[PDB]
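Here the structure is laid out as structure tokens; the discussion comes afterwards.
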Amino acid sequence: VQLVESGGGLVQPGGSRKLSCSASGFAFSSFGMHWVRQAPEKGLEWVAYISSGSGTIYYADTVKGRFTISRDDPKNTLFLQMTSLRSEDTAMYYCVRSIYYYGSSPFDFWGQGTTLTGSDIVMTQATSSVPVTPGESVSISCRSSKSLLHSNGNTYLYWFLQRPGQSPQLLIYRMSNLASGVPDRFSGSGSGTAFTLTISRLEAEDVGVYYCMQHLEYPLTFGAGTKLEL
Amino acid sequence: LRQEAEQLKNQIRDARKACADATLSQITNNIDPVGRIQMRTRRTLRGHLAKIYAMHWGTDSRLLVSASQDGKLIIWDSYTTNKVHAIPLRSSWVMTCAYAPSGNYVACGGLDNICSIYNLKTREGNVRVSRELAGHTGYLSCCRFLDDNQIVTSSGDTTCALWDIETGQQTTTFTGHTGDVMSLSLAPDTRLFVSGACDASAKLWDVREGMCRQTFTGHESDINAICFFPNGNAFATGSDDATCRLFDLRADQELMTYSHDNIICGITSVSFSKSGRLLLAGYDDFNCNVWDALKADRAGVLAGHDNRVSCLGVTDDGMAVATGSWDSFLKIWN
Amino acid sequence: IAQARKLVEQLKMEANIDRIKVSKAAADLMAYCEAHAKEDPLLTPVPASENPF
Amino acid sequence: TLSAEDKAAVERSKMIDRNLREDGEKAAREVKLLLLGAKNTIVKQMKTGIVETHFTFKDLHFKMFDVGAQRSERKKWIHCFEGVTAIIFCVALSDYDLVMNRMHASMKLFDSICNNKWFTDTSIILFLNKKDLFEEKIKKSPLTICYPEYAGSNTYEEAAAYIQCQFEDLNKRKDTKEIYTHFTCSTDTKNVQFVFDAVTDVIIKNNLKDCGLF
Amino acid sequence: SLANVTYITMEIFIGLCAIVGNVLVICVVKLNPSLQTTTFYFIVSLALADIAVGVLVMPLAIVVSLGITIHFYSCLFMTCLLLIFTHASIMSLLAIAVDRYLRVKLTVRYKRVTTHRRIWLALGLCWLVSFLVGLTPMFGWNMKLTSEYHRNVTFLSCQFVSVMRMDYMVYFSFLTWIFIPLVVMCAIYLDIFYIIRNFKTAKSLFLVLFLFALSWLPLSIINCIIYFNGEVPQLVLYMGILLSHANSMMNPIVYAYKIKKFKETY
Ligand SMILES: Nc1ncnc2c1ncn2[C@@H]1O[C@H](CO)[C@@H](O)[C@H]1O
């Protein structure tokens with residue numbers, strides 16, 4: 001299972017460039033796909049989304065109209081068409097796969113990432129940077145504006161780990177749940193408004209930036225970023 | 001030779017005759033009836049196109065798996081009437097299905113004499129076969145998961161077997177039946193199990209050492225279904241003579257006979273409720289009678305199916321019961 | 001001749017087991033349903049607030 | 001209403017439903033023929049557990065379920081084949097002198113199949129196999145060893161036609177089903193031609209009973 | 001108006017006999033996925049055309065009976081909807097008759113040649129044709145071509161004989177879409193009778209054709225009398241209109257109920 005994003009590089013503001021990624025190792029037609037943009041030294045930004053079978057397509061409000069996203073299931077290639085580029089769109093673009101059923105774990109895999117040179121729920125991080133010595137249990141706080149508790153009974157908050165130099169990794173996909181491939185030291189608890197992630201042991205692989213994301217309603221908004229230092 | 005076995009048949013009989021001092025009716029004649037149970041269809045699952053032959057619930061009492069004769073294994077989200085998975089089958093002749101206690105695996109089998117294990121939680125996102133078991137010579141009738149590593153199966157060659165998923169070969173063979181074995185039921189402590197066969201006799205087996213402990217008779221026709229009590233000390237059998245009977249693993253004899261004069265057709269599936277007060281039996285007169293298991297009274301009729309009821313099962317928390325039938329409809333009753 | 005080796009000692013191992021009286025044996029079946037009568041939703045109809053169906 | 005993930009879960013369930021109906025018309029387009037009768041001679045020239053053979057002929061896909069390997073009780077799985085088009089039944093003709101009589105065991109099997117609840121509407125194709133070896137056996141031994149009420153000449157044409165009339169005499173509810181009787185030829189390929197001609201008449205009646213005409 | 005009163009009331013009861021059965025049919029197809037096949041597609045197209053009679057035709061058929069003073073183009077458009085959906089019921093009956101004709105002429109190939117894609121194309125084609133036959137007088141075939149007096153008159157009274165051309169009813173309504181389908185439907189049913197033999201099945205084909213003829217032929221000869229300078233009474237002119245809408249209430253009785261698959265569900 002891997003995602004290799006092609007395209008990217010130097011481009012004029014008047015120019016237009018096409019971004020595509022190569023999907024392999026999984027049943028690509030059954031997975032919905034995302035594009036997530038990471039600005040330099042800023043938080044993660046959601047761009048677009050296609051459901052399975054190209055049924056429903058959603059866009060971010062800042063890039064709506066200028067951006068076109070499409071997929072080709074026999075080709076196993078996901079395309080992003082960018083027709084108008086500003087000086088704000090210079091950033092790293094990641095591709096995310098996600099499947100949605102009962103007990104599913106969406107946003108479970110992230111691409112390597114290529115470089116390019118009003119009524120939304122706002123996610124804020126209370127601490128910019130907490131230097132933590134290893135072995136000391138800490139809690140990372142994520143604060144939301146609107147309550148994420150839904151009528152069917154599960155709160156839609158996702159925890160991500162940005163290791164320095166690599167792609168983001170999903171740790172916790174919903175509250176009181178843990179993703180596969182993640183050790184048992186990661187544990188999360190939730191409430192109506194305030195959400196926290198409680199880790200117990202610290203190692204060299206646990207340092208990085210932690211982003212909380214919501215999936216209650218489009219557009220998806222990420223957290224500011226809680227950096228950890230050694 | 002045969003004369004030594006014949007005299008000890010009476011040695012079973014007279015000890016059983018002295019064991020029965022009273023009946024279940026003489027104990028429970030002084031309790032209140034449960035009342036006329038009226039319960040309606042809450043969800044109807046319409047995805048299938050052929051006869052439903054087997055249905056098993058999940059451990060979380062929300063997901064269920066249904067097996068049908070068009071070659072499709074469909075996992076249903078019974079809360080929202082959704083299709084979580086649709087598993088195409090190599091052989092369309094399927095008579096049994098199972099759900100793992102961990103929820104990661106499902107089983108199926110039938111006239112192909114092959115039990116297939118499908119993995120549900122694989123990285124690739126599509127349901128694929130994990131282990132193919134093929135050691136039997138008779139048609140598969142019922143399979144029940146013990147855990148992710150061992151499964152017990154029932155076959156039509158008068159044998160039951162205990163398997164191992166990792167090695168792929170059976171470790172224990174349960175022999176002694178003379179008729180075709182039609183059903184299985186696992187105990188709540190998962191240490192021992194029963195099996196109903198076509199010799200009008202059901203025998204209790206041990207999983208560890210693999211020997212038959214007790215033998216229960218009384219039916220005049222072949223048995224199609226079996227299910228333990230929630231206590232684990234008792235079980236019930238459903239046969240083709242329009243008669244359900246209740247056994248005790250300690251008393252080793254008949255206790256109650258659930259039959260009516262106007263019922264002629266056979267019984268396909270029998271299950272208990274959470275408390276064991278209600279026995280639910282699927283008959284072949286297009287409906288499903290609810291039997292009060294301590295009073296031998298039909299306390300409710302489930303009559304919403306066009307064709308005969310082939311499979312039914314009650315949730316672990318007792319919240320709902322799903323009934324399968326040959327008219328391609330699963331109906332969740334509550 | 002195969003039933004002399006297997007069927008002879010199989011039934012006598014079923015013979016020499018202990019059995020309790022069926023008045024006591026069916027009393028445990030009666031007492032189990034009374035202990036769990038409050039926790040069975042199929043006997044008493046629960047209100048629709050906690051009912052998922 | 002629904003959340004952002006419940007809308008995609010219902011959309012996933014709708015995508016499965018368009019694949020179930022796609023496979024449903026794929027399976028209903030092909031024709032299913034149950035293969036009973038004690039069998040192996042007819043399948044080698046046209047081409048444990050249940051063995052199904054898939055083949056096509058004149059843009060029609062046939063499948064033949066050979067259940068001869070099932071040594072269990074037939075009553076517990078004969079209701080699984082009620083949605084078939086025609087039961088292909090094979091009778092040997094050279095076993096009338098061989099012995100319980102081997103010829104009389106076929107009529108006991110034929111009586112149970114035609115009187116089933118699940119095979120009332122379903123037609124039955126009858127194959128009389130080994131017609132060449134019966135011609136030598138009828139000259140050396142009469143057919144009266146099986147039937148004490150045998151009448152007529154002992155020639156091959158009269159003896160073969162005498163066996164056929166009792167086989168159709170065992171049929172009940174003659175208005176519903178029609179028994180098609182054929183004599184197998186090992187050298188020629190006309191046996192698979194008779195199957196295609198017989199199955200054409202059944203599916204015409206099946207198409208006419210869907211609309212309500214016939 | 002001792003006769004007009006009994007007409008209006010009977011139009012609703014027949015009218016609501018029609019709309020209950022056809023809505024029932026559409027649900028039965030959607031409840032049973034075994035019934036979602038080729039055979040039942042054509043029954044859905046006949047049911048939807050008869051629903052449009054119940055919700056559009058039945059209110060508008062009363063409006064022109066009272067003669068309310070309305071605009072000329074408003075009264076012609078109201079009578080344009082009386083011909084879109086009644087002719088859609090007739091074209092749906094021809095589509096079923098050609099569907100049954102392919103069953104006895106194609107044999108084995110029927111499930112292979114006829115594809116699910118092709119059924120919508122042909123059903124849609126028939127529906128499209130029906131829409132245009134009901135929208136012919138508004139594009140230059142209005143009554144104003146006969147006399148110059150009618151062009152100056154605006155805000156007249158809405159009478160069907162005053163707005164709709166007697167010509168169009170006899171040669172384009174009757175001879176192309178009532179006479180040519182009837183001679184074809186007679187030829188299809190006669191050809192099925194000769195291939196089913198090579199009294200229970202003979203009455204099945206004759207009854208279907210008898211109700212079509214009884215519903216549309218008494219009205220069609222009323223248009224021939226008025227065009228040939230005759231006079232008709234309105235006691236039988238109202239009964240012709242009733243019979244012309246009675247075809248919608250008998251469509252689930254004669255087509256859906258005789259299907260043995262439906263016969264179990266209902
Ligand atoms: N001669 C007529 N007079 C009045 N209305 C008519 C006449 N012929 C047809 N119609 C109307 O047209 C409909 C079908 O074309 C009839 O149901 C009726 O409402």
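Residue names in the structure tokens use chain letters A, B, ... in the order shown, residue numbers from 1 in each chain, and ligand numbers from 1 in the order shown.
Using only C-alpha atoms, the contacts of residue 167 (chain B) at a cut-off of 12 Å, with sequence neighbours closer than 2 positions omitted, comprise residues 130, 131, 132, 133, 149, 150, 163, 164, 165, 169, 170 and 171 of chain B.
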Near-ligand residues for ligand 1, threshold 6 Å, only C-alpha atoms and all ligand atoms, as a ChimeraX atom specification: /E:61,82-83,86,160-161,223,241,244-245
Find the residues near residue 49 (chain D): any atom within 9 Å, counting only C-alpha atoms, skip ones fewer than 6 places away on the same chain, and give them as a ChimeraX atom specification. /B:111-114,137-139 /D:66-70
Just the selected residues (C-alpha atoms), exported as a PDB file, in the first residue's frame, please.
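Output below, filename again.pdb:
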ATOM      1  CA  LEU B 111     -23.020 -28.990  -0.530  1.00  0.00           C
ATOM      2  CA  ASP B 112     -19.418 -28.356  -1.676  1.00  0.00           C
ATOM      3  CA  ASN B 113     -18.089 -30.045   1.534  1.00  0.00           C
ATOM      4  CA  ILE B 114     -15.778 -27.035   1.986  1.00  0.00           C
ATOM      5  CA  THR B 137     -17.239 -36.084   2.906  1.00  0.00           C
ATOM      6  CA  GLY B 138     -20.760 -34.985   3.898  1.00  0.00           C
ATOM      7  CA  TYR B 139     -22.626 -31.723   3.311  1.00  0.00           C
TER       8      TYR B 139
ATOM      9  CA  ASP D  66     -24.018 -33.656 -10.872  1.00  0.00           C
ATOM     10  CA  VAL D  67     -25.047 -34.826  -7.396  1.00  0.00           C
ATOM     11  CA  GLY D  68     -24.026 -38.473  -7.908  1.00  0.00           C
ATOM     12  CA  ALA D  69     -21.213 -38.105  -5.363  1.00  0.00           C
ATOM     13  CA  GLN D  70     -23.676 -37.206  -2.572  1.00  0.00           C
TER      14      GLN D  70
END
Counting only C-alpha atoms, give me one row per residue of chain B with an atom at most 8 Å from an atom of chain A, showing the shortest contact pair and its distance in Å to one decimal, sorted by chain then residue number, as a Markdown table.
| residue | atom | partner | partner_atom | distance |
| --- | --- | --- | --- | --- |
| B:77 | CA | A:102 | CA | 7.3 |
| B:84 | CA | A:101 | CA | 6.0 |
| B:123 | CA | A:26 | CA | 7.7 |
| B:124 | CA | A:26 | CA | 4.5 |
| B:125 | CA | A:27 | CA | 6.6 |
| B:126 | CA | A:27 | CA | 6.8 |
For CA of residue 68 (chain A) and CA of residue 82 (chain A), quote the distance in Å rounded to one decimal. 6.4 Å
When DSSP is applied to the backbone of this structure, which of chain C are assigned alpha helix (DSSP H)? Write them out as number ranges by chain. C: 2-5, 7-15, 22-35
Can you tell me which residues surround residue 77 (chain D) at a distance of at most 12 Å, considering only C-alpha atoms, apart from same-chain residues fewer than 5 positions away, and format the answer as a short mmCIF file (atom, residue, chain, number, x, y, z; two decimals) with N, CA, C and O atoms, in the first residue's frame?
data_model
loop_
_atom_site.label_atom_id
_atom_site.label_comp_id
_atom_site.auth_asym_id
_atom_site.auth_seq_id
_atom_site.Cartn_x
_atom_site.Cartn_y
_atom_site.Cartn_z
N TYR B 53 -30.85 -19.38 3.79
CA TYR B 53 -30.69 -20.66 4.46
C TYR B 53 -30.04 -20.57 5.83
O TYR B 53 -30.26 -21.46 6.66
N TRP B 93 -24.15 -23.15 -3.39
CA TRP B 93 -24.94 -24.03 -2.53
C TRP B 93 -24.43 -23.89 -1.10
O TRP B 93 -23.49 -24.57 -0.69
N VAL B 94 -25.06 -23.00 -0.35
CA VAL B 94 -24.63 -22.65 1.00
C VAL B 94 -25.75 -22.99 1.97
O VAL B 94 -26.89 -22.55 1.78
N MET B 95 -25.43 -23.77 3.00
CA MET B 95 -26.40 -24.16 4.01
C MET B 95 -26.07 -23.67 5.41
O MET B 95 -26.91 -23.83 6.31
N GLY B 110 -21.62 -25.64 2.65
CA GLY B 110 -22.81 -26.25 2.10
C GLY B 110 -22.55 -27.57 1.41
O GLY B 110 -21.85 -28.44 1.94
N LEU B 111 -23.12 -27.74 0.21
CA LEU B 111 -23.02 -28.99 -0.53
C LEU B 111 -21.65 -29.22 -1.15
O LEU B 111 -21.39 -30.32 -1.65
N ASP B 112 -20.76 -28.22 -1.12
CA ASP B 112 -19.42 -28.36 -1.68
C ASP B 112 -18.44 -29.04 -0.73
O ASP B 112 -17.29 -29.24 -1.12
N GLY B 138 -19.33 -35.25 3.87
CA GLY B 138 -20.76 -34.99 3.90
C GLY B 138 -21.05 -33.50 3.88
O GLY B 138 -20.16 -32.70 4.19
N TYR B 139 -22.27 -33.13 3.50
CA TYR B 139 -22.63 -31.72 3.31
C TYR B 139 -22.61 -30.97 4.64
O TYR B 139 -23.06 -31.48 5.66
N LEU B 140 -22.05 -29.76 4.62
CA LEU B 140 -21.94 -28.97 5.83
C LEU B 140 -23.31 -28.44 6.25
O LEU B 140 -24.06 -27.91 5.43
N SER B 141 -23.62 -28.60 7.53
CA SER B 141 -24.92 -28.22 8.07
C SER B 141 -24.86 -27.03 9.01
O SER B 141 -25.70 -26.13 8.92
N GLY B 156 -22.69 -33.91 6.93
CA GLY B 156 -23.65 -34.95 6.62
C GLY B 156 -23.11 -36.36 6.54
O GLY B 156 -23.84 -37.26 6.13
N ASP B 180 -27.51 -38.34 9.61
CA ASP B 180 -26.87 -37.13 9.11
C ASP B 180 -26.99 -36.00 10.13
O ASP B 180 -28.10 -35.64 10.52
N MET B 182 -27.22 -32.43 11.61
CA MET B 182 -27.89 -31.29 10.98
C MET B 182 -27.65 -29.95 11.66
O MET B 182 -27.94 -28.92 11.06
N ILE D 50 -20.72 -31.78 -4.73
CA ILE D 50 -21.47 -31.50 -5.94
C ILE D 50 -20.51 -31.00 -7.02
O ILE D 50 -19.67 -30.13 -6.77
N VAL D 67 -24.97 -34.54 -8.82
CA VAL D 67 -25.05 -34.83 -7.40
C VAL D 67 -24.86 -36.32 -7.12
O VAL D 67 -25.25 -36.81 -6.06
N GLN D 70 -23.02 -37.39 -3.86
CA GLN D 70 -23.68 -37.21 -2.57
C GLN D 70 -24.20 -38.55 -2.10
O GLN D 70 -25.22 -39.05 -2.60
N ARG D 71 -23.51 -39.16 -1.13
CA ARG D 71 -23.94 -40.42 -0.54
C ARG D 71 -24.86 -40.24 0.65
O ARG D 71 -25.25 -41.23 1.27
N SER D 72 -25.21 -39.00 0.99
CA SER D 72 -26.09 -38.72 2.12
C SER D 72 -27.55 -38.90 1.71
O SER D 72 -27.87 -39.37 0.61
N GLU D 82 -35.00 -26.51 -6.39
CA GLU D 82 -36.35 -26.30 -6.91
C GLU D 82 -36.41 -25.19 -7.95
O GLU D 82 -37.38 -25.12 -8.71
N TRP D 118 -41.52 -29.99 -4.72
CA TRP D 118 -40.69 -28.94 -5.29
C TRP D 118 -40.46 -29.09 -6.79
O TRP D 118 -39.91 -28.17 -7.41
#
Pull out every residue of chain D sitting within 7 Å of chain A, counting only C-alpha atoms, and send them as a list in words. residues 3, 4, 5, 8 and 9 of chain D
Based on the selection just made, write N, CA, C and O atoms of those residues as a PDB file, in the first residue's frame.
ATOM      1  N   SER D   3     -24.940  12.212   9.580  1.00  0.00           N
ATOM      2  CA  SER D   3     -23.634  12.845   9.664  1.00  0.00           C
ATOM      3  C   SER D   3     -22.928  12.765   8.312  1.00  0.00           C
ATOM      4  O   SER D   3     -23.468  12.256   7.325  1.00  0.00           O
ATOM      5  N   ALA D   4     -21.700  13.289   8.263  1.00  0.00           N
ATOM      6  CA  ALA D   4     -20.922  13.248   7.029  1.00  0.00           C
ATOM      7  C   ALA D   4     -20.472  11.835   6.675  1.00  0.00           C
ATOM      8  O   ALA D   4     -20.279  11.531   5.493  1.00  0.00           O
ATOM      9  N   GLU D   5     -20.301  10.963   7.668  1.00  0.00           N
ATOM     10  CA  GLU D   5     -19.912   9.586   7.386  1.00  0.00           C
ATOM     11  C   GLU D   5     -21.099   8.657   7.174  1.00  0.00           C
ATOM     12  O   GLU D   5     -20.955   7.636   6.492  1.00  0.00           O
ATOM     13  N   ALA D   8     -22.049   8.801   3.450  1.00  0.00           N
ATOM     14  CA  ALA D   8     -21.181   7.960   2.638  1.00  0.00           C
ATOM     15  C   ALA D   8     -21.394   6.475   2.899  1.00  0.00           C
ATOM     16  O   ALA D   8     -21.069   5.656   2.032  1.00  0.00           O
ATOM     17  N   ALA D   9     -21.923   6.110   4.069  1.00  0.00           N
ATOM     18  CA  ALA D   9     -22.229   4.709   4.337  1.00  0.00           C
ATOM     19  C   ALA D   9     -23.473   4.260   3.581  1.00  0.00           C
ATOM     20  O   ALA D   9     -23.540   3.119   3.109  1.00  0.00           O
TER      21      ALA D   9
END
Among the residues of region 217-287 of chain B, find those DSSP assigns to strand (DSSP E or B) from the backbone and print them as a VMD selection string. chain B and resid 217 223 to 228 234 to 239 243 to 248 254 to 259 267 to 272 278 to 283
Compute the set of chain C residues within 6 Å of chain B, using only C-alpha atoms, and express it as a list in words.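 Residues of chain C within 6 Å of chain B, counting only C-alpha atoms: residues 14, 19, 20, 21, 22, 23, 33, 36, 40, 41 and 53 of chain C.
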Might you pull out every residue within 8 Å of residue 46 (chain D), with only C-alpha atoms counted and same-chain residues fewer than 6 positions away left off, and present them as a PDB file with N, CA, C and O atoms, in the first residue's frame?
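Result went into result30.pdb, see below:
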ATOM      1  N   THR D 189     -23.523 -36.488 -31.719  1.00  0.00           N
ATOM      2  CA  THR D 189     -23.684 -35.397 -30.767  1.00  0.00           C
ATOM      3  C   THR D 189     -25.117 -34.880 -30.715  1.00  0.00           C
ATOM      4  O   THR D 189     -25.339 -33.723 -30.343  1.00  0.00           O
ATOM      5  N   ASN D 191     -27.382 -35.794 -28.656  1.00  0.00           N
ATOM      6  CA  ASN D 191     -27.885 -35.757 -27.286  1.00  0.00           C
ATOM      7  C   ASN D 191     -27.917 -34.333 -26.744  1.00  0.00           C
ATOM      8  O   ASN D 191     -28.884 -33.939 -26.082  1.00  0.00           O
ATOM      9  N   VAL D 192     -26.875 -33.544 -27.019  1.00  0.00           N
ATOM     10  CA  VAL D 192     -26.870 -32.149 -26.596  1.00  0.00           C
ATOM     11  C   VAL D 192     -27.801 -31.307 -27.466  1.00  0.00           C
ATOM     12  O   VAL D 192     -28.243 -30.233 -27.041  1.00  0.00           O
TER      13      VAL D 192
END
When you look at residue 23 (chain E) with a cut-off of 12 Å (counting only C-alpha atoms), what residues show up, excluding the ones that are within fewer than 2 positions of it in the same chain? I need them as a list in words. residues 16, 17, 18, 19, 20, 21, 25, 26, 27, 28, 29, 30, 43, 44, 45, 46, 47, 48, 49, 50, 51, 52, 54, 55, 249 and 252 of chain E
Smallest atom-to-atom distance to residue 96 (chain E): which of E:78, E:185, E:242, E:232, using only C-alpha atoms? E:185
So how far away is CA of residue 243 (chain E) from CA of residue 216 (chain E), in Å? 7.2 Å
Using only C-alpha atoms, which of the listed residues (D:121, D:6, D:59, D:132) sits closest to chain E?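 Going through D:121, D:6, D:59, D:132 one by one, the smallest distance to chain E is for D:59.
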Neighbours of residue 150 (chain E) within 10 Å (only C-alpha atoms; same-chain residues fewer than 4 positions away dropped), as a PyMOL selection string? chain E and resi 72+143-146+154+156+162-163
